[PDB]
Each structure stands twice: as structure tokens, then as C-alpha cells.
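Presented as C-alpha cells, the chain that follows is alone, the form deposited in one PDB entry.
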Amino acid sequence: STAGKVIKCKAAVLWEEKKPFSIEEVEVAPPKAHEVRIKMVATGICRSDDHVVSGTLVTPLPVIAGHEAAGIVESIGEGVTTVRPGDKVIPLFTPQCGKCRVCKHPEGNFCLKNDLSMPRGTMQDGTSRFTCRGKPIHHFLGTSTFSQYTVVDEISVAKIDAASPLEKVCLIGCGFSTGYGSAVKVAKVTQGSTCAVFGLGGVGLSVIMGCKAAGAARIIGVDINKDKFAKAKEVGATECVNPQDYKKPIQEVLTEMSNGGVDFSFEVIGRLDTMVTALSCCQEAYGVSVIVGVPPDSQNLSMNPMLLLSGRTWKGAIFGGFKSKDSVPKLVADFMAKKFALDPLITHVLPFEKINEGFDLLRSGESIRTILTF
């Protein structure tokens, strides 16, 4: 039995940037008040986890990364009311405290308790529940899912359907929800519209799914890797373009293709240049462009504000605009009710011990989502 006790378990520790993960034994403290200890069942490899490795996304090291996951509650701390031992859960990398001005706002979801703006790499109380070789190890986004067990604050966990297939619904913890919500909630794609999606990875494919669900007439996928095009068409892209195939800048190409600019564009890569291209290719008077890709640390883009003065709208969002704790259980229920598909995103399923191989598949261009199973 493990409740109230330190657990020794396997985790993937990142000791420094640009190194493989180290799979080794960690100690996981029991949960304090308003904390939840979770036995991991499956976790996805999101490009944002690779950003921690590459130093694109700065967070304190050493760290247990991983934020797209699902598992089963092993134990609860004093005062927890929202989950119980044995419940299936999804950790929430964007918390929902329910008390801050953002949580109380009808359209806000970036709760002020997040650890993304100004990452500390701790629990809410400023301390870590992880040690490895006698050293404290940082948390990541209040989740840290590259471990057989994690501890999360109550505001960073949602209870989901007991009959949930966790090897699929772990994608509702980041990539599916982000892309789908970016289309249906943040952009509010309209029926009959023309959309352009920059980046056809797991998140970009989820954007396509949402644009098709919203009734877009045309969905143009844009990627420099033409191997991504077949799956993009399977999930709703009406045509795909590779910028490398053209002499002109792709914003000019997309403007021409859409007879004067697209209704909605999405940046789902994480490059400054594609953020500006995606804004430019939306119609100058009424177009909307949404930034989804995480930009490189501390780098500014350059743009001409006449792109906005003519009437464009530019916005971004975390986690598809979804209020996390309210939304994740409903998304799982909707998945169970066959409202959307997750299998198109899953290209590889590996044991957790093969995490590095899973990252190598992402980096080589050869996977969409690898799901790691504990």
C-alpha cells in the first residue's frame, strides 16, 4: 500500500538542455493538503516537451517534463473534494482555480495560477515533490507526466469518465483540445469559410478537425514536410501547399488561392516568420489569425501595423481557450459519444522506457503523436 508514503518509481529526468532524457528511479512524496498523487497510464509527446529539451521554452532544470497525459488517482491530500482514489484523471497544464479574475471571466482560460508565464517549476506551495539521486527535481507546468507517479495541485486535475480509454484520451490533455478549441472557440470558424493552417503536426491536425467541424468550405494545410499532407487531407484539408515549392512568399500564394485572403489562419508551428505570414494571408479587412505555436524564448517579431489597421484581428491562446477543469471532462464525454476522433493523431504507441525513441520520431518528422504507455 502507498498512501501517506514516499513512492520510489521510474521517471524520465531532463538534467540539462539538449541531452537525452534519463530513465531512472525518483522519489515521489505523498500529497499535501489540496494535492493529488496520480499513477500515470499514458502520456503523449507534444512538441512543447521538446521545446524544454531544445531551450525554446525556458523552465527550471533539472525537470520531469510531460504535460499531455492520463492516469488513475493513487491518493489525495487533506481537503480534496473533486477526485478520489481510483478515479481516472487528466492533469491540467493550465489550471482552473475558479477564484481569479480570469477564471471568473466568461472568455478567459489562462488562470493566474499557471506556471507558464513565469515558470517556477514547483507545486503551488513553491516546493517540489520529486527527488532523484538526493537532488530536488522541478515540476513542469504543474503536471510532470513523464513519471510513473506525479503529484499535482487539485486545481490542475480533472476527473473523467471511469470507462475512458486513457491511451487515447490523454491527447485531450494538450494537443487535441488546443487545436480543436483554437478553431471552434478562439477563432470561431464559420460555416462556408476558408481556413489556412500552418503546421500539420498533432496540434495542426486538431485545428483542421475543428475547422471541418465548424463547417469550413476550404481548409488549406501548409507544411514544409509534404509527408504530412496525406493525413491532413484525411482529417479535412481540401488542399495542401509546401512553401518550398513556390518562388513567391506563401502569404502571396494563399492570398491568390483565396481570391484576396483567407477568413481564418492559424500558426501551429512556433516560428516568428510564420506568425507574420499567417497574419498577412488572412483578408485585410475582416480576417482573423490565431497564434497557437509557442515562440522561441525572448524573441520579438517585426510587423507592419497597417496589417491590423485595415481590420484584421490577431489573437493567440493557450489550450484552445478552454477553461480546463470545466472542459476536459466534457471533451472526454464527447469523445466517448463519438463526436470527434483521436486515432488519426496517433502514429506510434511505445512503452514509456522508449521515451527517447519517441522524441527521435518527432524530431525526424516521422510521427504525429507517440503515446507512451506505463
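Here the rigid core means the biggest group of C-alpha atoms that line up within 1.5 Å when the two forms are laid on top of each other. We number the residues from 1 along the sequence you see.
- Higher mean CA temperature factor, per the PDB entry, when comparing 52 to 60 with 324 to 332: 52 to 60.
- Two stretches are in play, 112 to 120 and 168 to 176, and the higher mean C-alpha B-factor belongs to 112 to 120.
- Placement of the Cα temperature factor of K135 within the chain: highest third of the modelled residues, per the deposited record.
- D87: CA B factor in the middle third of modelled residues in this chain (values from the PDB entry).
- Sort the chain's modelled residues by C-alpha temperature factor and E35 lands in the middle third, per the entry.
- Looking at the C-alpha B-factors along this chain, the one for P243 belongs to the middle third.
- The entry lists a Cα temperature factor for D273 that places it in the middle third of the chain's modelled residues.
The following text describes the form deposited in another entry, which does not appear among the structures shown.
- The comparison between the shown form and the other one, aligned on the rigid core, picks out a single residue among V102, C97, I72, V253 whose CA moves by 2 Å or more, and that residue is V253.
- The rigid-core alignment places the CA of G181 less than 2 Å apart between the shown form and the other one.
- With a cut-off of 2 Å and the rigid core superposed, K159 has a Cα displacement that falls short of the cut-off between the shown form and the other one.
- Annotation: Cα of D125 displaced by less than 2 Å between the shown form and the other one, core superposition.
- Three angstroms is the minimum change: in the other form, the CA atoms of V294 and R129 sit farther apart than in this structure, by 3 Å or more.
- Relative to what is shown, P296 and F93 are closer in the other form; their C-alpha atoms differ in spacing by at least 3 Å.
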